[PDB]
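Student: This is final_36.cif, which holds mmCIF, N, CA and C atoms:
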data_final
loop_
_atom_site.label_atom_id
_atom_site.label_comp_id
_atom_site.auth_asym_id
_atom_site.auth_seq_id
_atom_site.Cartn_x
_atom_site.Cartn_y
_atom_site.Cartn_z
N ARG A 1 -17.38 224.56 172.62
CA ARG A 1 -16.17 224.72 173.47
C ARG A 1 -14.91 224.63 172.60
N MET A 2 -14.88 223.60 171.75
CA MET A 2 -13.83 223.48 170.75
C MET A 2 -14.02 224.57 169.69
N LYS A 3 -15.27 224.81 169.29
CA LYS A 3 -15.57 225.86 168.31
C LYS A 3 -15.15 227.24 168.84
N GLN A 4 -15.40 227.47 170.12
CA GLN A 4 -14.98 228.69 170.79
C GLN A 4 -13.45 228.86 170.71
N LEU A 5 -12.72 227.77 170.95
CA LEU A 5 -11.27 227.80 170.85
C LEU A 5 -10.81 228.07 169.42
N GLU A 6 -11.42 227.39 168.46
CA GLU A 6 -11.03 227.53 167.06
C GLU A 6 -11.19 228.98 166.57
N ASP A 7 -12.30 229.60 166.96
CA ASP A 7 -12.60 230.98 166.57
C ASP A 7 -11.58 231.94 167.16
N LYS A 8 -11.25 231.73 168.44
CA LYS A 8 -10.31 232.62 169.11
C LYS A 8 -8.93 232.46 168.50
N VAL A 9 -8.57 231.23 168.14
CA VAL A 9 -7.24 230.98 167.54
C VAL A 9 -7.16 231.63 166.16
N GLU A 10 -8.23 231.49 165.40
CA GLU A 10 -8.34 232.18 164.11
C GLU A 10 -8.23 233.69 164.26
N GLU A 11 -8.92 234.26 165.25
CA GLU A 11 -8.78 235.70 165.54
C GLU A 11 -7.32 236.04 165.85
N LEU A 12 -6.68 235.21 166.68
CA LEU A 12 -5.30 235.45 167.07
C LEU A 12 -4.33 235.37 165.91
N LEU A 13 -4.55 234.40 165.01
CA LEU A 13 -3.71 234.26 163.81
C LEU A 13 -3.78 235.52 162.95
N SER A 14 -4.99 236.03 162.78
CA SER A 14 -5.22 237.24 162.00
C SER A 14 -4.60 238.45 162.70
N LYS A 15 -4.90 238.60 163.98
CA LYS A 15 -4.35 239.72 164.77
C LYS A 15 -2.84 239.73 164.81
N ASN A 16 -2.23 238.56 164.95
CA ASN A 16 -0.75 238.50 164.94
C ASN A 16 -0.19 238.92 163.59
N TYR A 17 -0.82 238.47 162.51
CA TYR A 17 -0.38 238.84 161.18
C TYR A 17 -0.39 240.38 161.00
N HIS A 18 -1.52 240.98 161.32
CA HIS A 18 -1.66 242.43 161.16
C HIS A 18 -0.80 243.23 162.14
N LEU A 19 -0.62 242.70 163.34
CA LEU A 19 0.23 243.40 164.29
C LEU A 19 1.69 243.36 163.82
N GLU A 20 2.11 242.22 163.28
CA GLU A 20 3.48 242.10 162.77
C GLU A 20 3.73 243.11 161.65
N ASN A 21 2.77 243.27 160.75
CA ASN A 21 2.91 244.29 159.69
C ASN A 21 3.09 245.69 160.25
N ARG A 22 2.40 246.00 161.36
CA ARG A 22 2.56 247.32 161.99
C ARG A 22 3.95 247.42 162.61
N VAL A 23 4.44 246.31 163.19
CA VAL A 23 5.79 246.30 163.77
C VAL A 23 6.83 246.48 162.66
N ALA A 24 6.63 245.77 161.56
CA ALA A 24 7.52 245.94 160.41
C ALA A 24 7.52 247.40 159.86
N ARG A 25 6.37 248.05 159.84
CA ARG A 25 6.32 249.47 159.42
C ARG A 25 7.18 250.35 160.36
N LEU A 26 7.01 250.18 161.66
CA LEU A 26 7.81 250.87 162.67
C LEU A 26 9.30 250.61 162.46
N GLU A 27 9.66 249.35 162.29
CA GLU A 27 11.06 249.00 162.02
C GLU A 27 11.58 249.72 160.79
N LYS A 28 10.77 249.80 159.74
CA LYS A 28 11.16 250.53 158.53
C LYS A 28 11.40 252.01 158.83
N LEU A 29 10.44 252.62 159.51
CA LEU A 29 10.49 254.05 159.86
C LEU A 29 11.68 254.38 160.74
N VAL A 30 11.84 253.62 161.82
CA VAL A 30 12.94 253.83 162.76
C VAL A 30 14.30 253.55 162.12
N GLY A 31 14.35 252.54 161.25
CA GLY A 31 15.58 252.10 160.59
C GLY A 31 16.08 253.04 159.51
N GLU A 32 15.19 253.88 158.99
CA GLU A 32 15.58 254.86 157.96
C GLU A 32 16.01 256.22 158.54
N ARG A 33 15.89 256.35 159.86
CA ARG A 33 16.30 257.55 160.59
C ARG A 33 17.80 257.80 160.39
N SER B 1 -5.64 218.67 182.23
CA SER B 1 -6.39 218.32 180.99
C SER B 1 -5.70 218.91 179.76
N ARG B 2 -5.62 218.10 178.70
CA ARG B 2 -5.03 218.55 177.45
C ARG B 2 -5.86 219.69 176.85
N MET B 3 -7.18 219.54 176.89
CA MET B 3 -8.10 220.60 176.49
C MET B 3 -7.98 221.86 177.37
N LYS B 4 -7.91 221.69 178.69
CA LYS B 4 -7.78 222.82 179.62
C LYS B 4 -6.48 223.60 179.36
N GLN B 5 -5.39 222.88 179.11
CA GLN B 5 -4.08 223.47 178.84
C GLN B 5 -4.15 224.34 177.60
N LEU B 6 -4.85 223.83 176.58
CA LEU B 6 -5.04 224.56 175.32
C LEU B 6 -5.85 225.83 175.54
N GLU B 7 -6.96 225.72 176.28
CA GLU B 7 -7.75 226.91 176.62
C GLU B 7 -6.95 227.95 177.41
N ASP B 8 -6.11 227.47 178.32
CA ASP B 8 -5.25 228.36 179.11
C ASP B 8 -4.30 229.11 178.20
N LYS B 9 -3.68 228.39 177.26
CA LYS B 9 -2.72 228.99 176.32
C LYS B 9 -3.37 230.04 175.46
N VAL B 10 -4.61 229.77 175.05
CA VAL B 10 -5.34 230.69 174.20
C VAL B 10 -5.66 231.95 175.01
N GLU B 11 -6.08 231.77 176.26
CA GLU B 11 -6.36 232.94 177.08
C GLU B 11 -5.10 233.77 177.30
N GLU B 12 -3.97 233.09 177.51
CA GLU B 12 -2.65 233.73 177.60
C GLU B 12 -2.34 234.55 176.35
N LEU B 13 -2.57 233.96 175.17
CA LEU B 13 -2.29 234.64 173.92
C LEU B 13 -3.19 235.86 173.70
N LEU B 14 -4.44 235.74 174.11
CA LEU B 14 -5.40 236.84 173.97
C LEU B 14 -4.95 238.02 174.85
N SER B 15 -4.57 237.72 176.08
CA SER B 15 -4.03 238.75 176.99
C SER B 15 -2.75 239.35 176.40
N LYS B 16 -1.86 238.48 175.96
CA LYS B 16 -0.55 238.92 175.46
C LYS B 16 -0.69 239.81 174.23
N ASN B 17 -1.56 239.41 173.32
CA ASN B 17 -1.80 240.21 172.12
C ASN B 17 -2.40 241.57 172.48
N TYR B 18 -3.36 241.60 173.40
CA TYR B 18 -3.95 242.88 173.85
C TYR B 18 -2.85 243.85 174.30
N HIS B 19 -2.04 243.37 175.23
CA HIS B 19 -0.98 244.17 175.81
C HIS B 19 0.10 244.55 174.80
N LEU B 20 0.45 243.61 173.93
CA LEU B 20 1.49 243.89 172.95
C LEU B 20 0.99 244.90 171.94
N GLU B 21 -0.27 244.76 171.53
CA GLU B 21 -0.81 245.78 170.63
C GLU B 21 -0.78 247.16 171.25
N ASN B 22 -1.09 247.26 172.54
CA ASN B 22 -1.00 248.57 173.20
C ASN B 22 0.40 249.16 173.16
N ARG B 23 1.41 248.32 173.37
CA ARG B 23 2.81 248.74 173.24
C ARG B 23 3.15 249.20 171.82
N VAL B 24 2.59 248.51 170.82
CA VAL B 24 2.84 248.88 169.42
C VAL B 24 2.16 250.21 169.10
N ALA B 25 0.92 250.35 169.56
CA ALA B 25 0.17 251.62 169.39
C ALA B 25 0.92 252.80 170.04
N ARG B 26 1.51 252.55 171.21
CA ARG B 26 2.32 253.55 171.90
C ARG B 26 3.50 253.96 171.04
N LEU B 27 4.23 252.97 170.52
CA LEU B 27 5.33 253.24 169.59
C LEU B 27 4.87 254.04 168.38
N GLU B 28 3.71 253.70 167.84
CA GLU B 28 3.17 254.41 166.68
C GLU B 28 2.88 255.88 167.01
N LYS B 29 2.37 256.12 168.21
CA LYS B 29 2.14 257.50 168.68
C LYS B 29 3.48 258.24 168.79
N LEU B 30 4.49 257.58 169.35
CA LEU B 30 5.81 258.21 169.52
C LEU B 30 6.53 258.47 168.20
N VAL B 31 6.50 257.49 167.30
CA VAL B 31 7.15 257.63 165.99
C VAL B 31 6.40 258.67 165.13
N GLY B 32 5.12 258.86 165.43
CA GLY B 32 4.30 259.87 164.78
C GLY B 32 3.82 259.33 163.46
N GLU B 33 4.43 258.23 163.05
CA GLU B 33 4.04 257.49 161.87
C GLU B 33 3.49 256.14 162.31
N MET C 1 -8.13 219.29 167.18
CA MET C 1 -7.55 219.50 168.54
C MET C 1 -6.04 219.54 168.46
N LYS C 2 -5.47 218.59 167.72
CA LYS C 2 -4.03 218.56 167.49
C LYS C 2 -3.64 219.70 166.54
N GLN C 3 -4.50 219.97 165.56
CA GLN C 3 -4.29 221.07 164.62
C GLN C 3 -4.40 222.40 165.34
N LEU C 4 -5.29 222.46 166.33
CA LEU C 4 -5.43 223.66 167.14
C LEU C 4 -4.21 223.89 168.02
N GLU C 5 -3.67 222.82 168.61
CA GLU C 5 -2.45 222.90 169.40
C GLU C 5 -1.27 223.39 168.56
N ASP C 6 -1.20 222.91 167.33
CA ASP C 6 -0.16 223.34 166.39
C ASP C 6 -0.26 224.84 166.10
N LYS C 7 -1.48 225.34 165.89
CA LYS C 7 -1.70 226.76 165.63
C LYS C 7 -1.35 227.59 166.86
N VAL C 8 -1.67 227.07 168.05
CA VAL C 8 -1.39 227.76 169.30
C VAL C 8 0.12 227.82 169.54
N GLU C 9 0.83 226.73 169.27
CA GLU C 9 2.30 226.74 169.37
C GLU C 9 2.89 227.73 168.38
N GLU C 10 2.32 227.76 167.18
CA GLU C 10 2.70 228.78 166.21
C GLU C 10 2.54 230.20 166.76
N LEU C 11 1.36 230.49 167.31
CA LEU C 11 1.06 231.77 167.92
C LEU C 11 1.98 232.09 169.10
N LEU C 12 2.19 231.13 169.98
CA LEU C 12 3.12 231.31 171.09
C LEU C 12 4.53 231.67 170.57
N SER C 13 5.02 230.94 169.56
CA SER C 13 6.32 231.25 168.95
C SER C 13 6.29 232.68 168.37
N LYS C 14 5.28 232.97 167.56
CA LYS C 14 5.20 234.25 166.87
C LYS C 14 5.07 235.41 167.84
N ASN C 15 4.30 235.21 168.91
CA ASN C 15 4.18 236.25 169.94
C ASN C 15 5.52 236.52 170.63
N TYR C 16 6.24 235.45 170.98
CA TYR C 16 7.54 235.58 171.62
C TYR C 16 8.50 236.41 170.75
N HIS C 17 8.67 236.01 169.49
CA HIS C 17 9.55 236.74 168.56
C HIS C 17 9.10 238.17 168.29
N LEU C 18 7.80 238.35 168.11
CA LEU C 18 7.27 239.67 167.85
C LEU C 18 7.51 240.58 169.04
N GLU C 19 7.29 240.06 170.25
CA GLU C 19 7.49 240.88 171.43
C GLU C 19 8.95 241.35 171.50
N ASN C 20 9.89 240.47 171.17
CA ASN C 20 11.31 240.87 171.18
C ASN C 20 11.60 241.99 170.19
N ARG C 21 10.95 241.94 169.03
CA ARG C 21 11.05 243.03 168.06
C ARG C 21 10.44 244.32 168.59
N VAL C 22 9.29 244.20 169.25
CA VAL C 22 8.68 245.37 169.90
C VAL C 22 9.60 245.93 170.98
N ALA C 23 10.17 245.03 171.78
CA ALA C 23 11.13 245.45 172.83
C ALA C 23 12.33 246.21 172.24
N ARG C 24 12.87 245.74 171.12
CA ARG C 24 14.00 246.44 170.46
C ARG C 24 13.59 247.84 170.02
N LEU C 25 12.40 247.97 169.44
CA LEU C 25 11.89 249.30 169.05
C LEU C 25 11.72 250.22 170.24
N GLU C 26 11.26 249.67 171.37
CA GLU C 26 11.03 250.49 172.59
C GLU C 26 12.34 251.08 173.12
N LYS C 27 13.40 250.31 172.99
CA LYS C 27 14.75 250.77 173.35
C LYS C 27 15.23 251.88 172.43
N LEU C 28 14.92 251.74 171.15
CA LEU C 28 15.38 252.67 170.13
C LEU C 28 14.61 253.98 170.18
N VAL C 29 13.28 253.87 170.20
CA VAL C 29 12.40 255.03 170.27
C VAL C 29 12.57 255.68 171.64
N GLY C 30 12.73 254.86 172.67
CA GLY C 30 12.95 255.33 174.04
C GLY C 30 14.31 255.97 174.23
#
What does this structure look like when you write it as structure tokens?

Tutor:
Amino acid sequence: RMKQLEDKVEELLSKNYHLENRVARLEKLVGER
Amino acid sequence: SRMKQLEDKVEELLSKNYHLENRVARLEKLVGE
Amino acid sequence: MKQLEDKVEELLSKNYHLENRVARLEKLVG
């Protein structure tokens, strides 16, 4: 139950990191227009 | 419950990340990059 | 458990800020 939480939080930490990089790419692209 | 509150927050984050990623993917389709 | 709460607060903060950045892009692209 705790292990289930830990795994999901780890997934979320990773997913947030990678999603932010995609947002930063968009910001770069849109900002150079 | 302190544990229940944590599980709720995690479920919230999982939902939020799903939906936010879809919004980012949409932007990526629109930007074409 | 406390370390997990800290990570979750981190995620909640990061999601909030990231969403606002996504919202700004939606206005611009939109």

Student: Taking all atoms listed in the file into account, find every residue of chain A that has an atom no more than 8 Å from chain B, and write it out as a PyMOL selection string.

Tutor: chain A and resi 5+8-9+12+15-16+19+22-23+25-26+29-30

Student: Determine, for each residue of chain C having at least one atom at most 8 Å from an atom of chain B, the closest pair of atoms and their separation in Å to one decimal, counting all atoms listed in the file; order by chain and ascending number, as CSV.

Tutor:
residue,atom,partner,partner_atom,distance
C:4,C,B:6,CA,7.4
C:5,CA,B:6,CA,6.7
C:8,CA,B:9,C,6.9
C:11,C,B:13,CA,6.9
C:12,N,B:13,CA,6.9
C:15,CA,B:17,N,7.4
C:18,C,B:20,CA,7.9
C:19,CA,B:20,CA,6.9
C:22,CA,B:24,CA,6.8
C:25,C,B:27,CA,7.1
C:26,CA,B:27,CA,7.0
C:29,CA,B:31,N,7.0

Student: Once you have the residues from the selection above, write them out as a PDB file, keeping the file's coordinate frame, restricted to N, CA and C atoms.

Tutor:
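Written file, again08.pdb:
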ATOM      1  N   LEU C   4      -5.290 222.460 166.330  1.00  0.00           N
ATOM      2  CA  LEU C   4      -5.430 223.660 167.140  1.00  0.00           C
ATOM      3  C   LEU C   4      -4.210 223.890 168.020  1.00  0.00           C
ATOM      4  N   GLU C   5      -3.670 222.820 168.610  1.00  0.00           N
ATOM      5  CA  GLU C   5      -2.450 222.900 169.400  1.00  0.00           C
ATOM      6  C   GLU C   5      -1.270 223.390 168.560  1.00  0.00           C
ATOM      7  N   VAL C   8      -1.670 227.070 168.050  1.00  0.00           N
ATOM      8  CA  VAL C   8      -1.390 227.760 169.300  1.00  0.00           C
ATOM      9  C   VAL C   8       0.120 227.820 169.540  1.00  0.00           C
ATOM     10  N   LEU C  11       1.360 230.490 167.310  1.00  0.00           N
ATOM     11  CA  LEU C  11       1.060 231.770 167.920  1.00  0.00           C
ATOM     12  C   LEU C  11       1.980 232.090 169.100  1.00  0.00           C
ATOM     13  N   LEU C  12       2.190 231.130 169.980  1.00  0.00           N
ATOM     14  CA  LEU C  12       3.120 231.310 171.090  1.00  0.00           C
ATOM     15  C   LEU C  12       4.530 231.670 170.570  1.00  0.00           C
ATOM     16  N   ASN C  15       4.300 235.210 168.910  1.00  0.00           N
ATOM     17  CA  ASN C  15       4.180 236.250 169.940  1.00  0.00           C
ATOM     18  C   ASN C  15       5.520 236.520 170.630  1.00  0.00           C
ATOM     19  N   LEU C  18       7.800 238.350 168.110  1.00  0.00           N
ATOM     20  CA  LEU C  18       7.270 239.670 167.850  1.00  0.00           C
ATOM     21  C   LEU C  18       7.510 240.580 169.040  1.00  0.00           C
ATOM     22  N   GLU C  19       7.290 240.060 170.250  1.00  0.00           N
ATOM     23  CA  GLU C  19       7.490 240.880 171.430  1.00  0.00           C
ATOM     24  C   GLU C  19       8.950 241.350 171.500  1.00  0.00           C
ATOM     25  N   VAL C  22       9.290 244.200 169.250  1.00  0.00           N
ATOM     26  CA  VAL C  22       8.680 245.370 169.900  1.00  0.00           C
ATOM     27  C   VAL C  22       9.600 245.930 170.980  1.00  0.00           C
ATOM     28  N   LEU C  25      12.400 247.970 169.440  1.00  0.00           N
ATOM     29  CA  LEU C  25      11.890 249.300 169.050  1.00  0.00           C
ATOM     30  C   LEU C  25      11.720 250.220 170.240  1.00  0.00           C
ATOM     31  N   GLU C  26      11.260 249.670 171.370  1.00  0.00           N
ATOM     32  CA  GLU C  26      11.030 250.490 172.590  1.00  0.00           C
ATOM     33  C   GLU C  26      12.340 251.080 173.120  1.00  0.00           C
ATOM     34  N   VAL C  29      13.280 253.870 170.200  1.00  0.00           N
ATOM     35  CA  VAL C  29      12.400 255.030 170.270  1.00  0.00           C
ATOM     36  C   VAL C  29      12.570 255.680 171.640  1.00  0.00           C
TER      37      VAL C  29
END

Student: Between atom C of residue 17 in chain C and atom C of residue 7 in chain A, what is the spacing in Å?

Tutor: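 Distance between the two atoms: 21.6 Å.
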
Student: To one decimal place, how far is atom C of residue 1 in chain C from atom N of residue 16 in chain C in Å?

Tutor: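 Computing it gives 20.3 Å between the two atoms.
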
Student: Mind pulling up the distance from CA of residue 28 in chain C to atom N of residue 13 in chain A?

Tutor: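 Rounded to one decimal, the two atoms are 27.5 Å apart.
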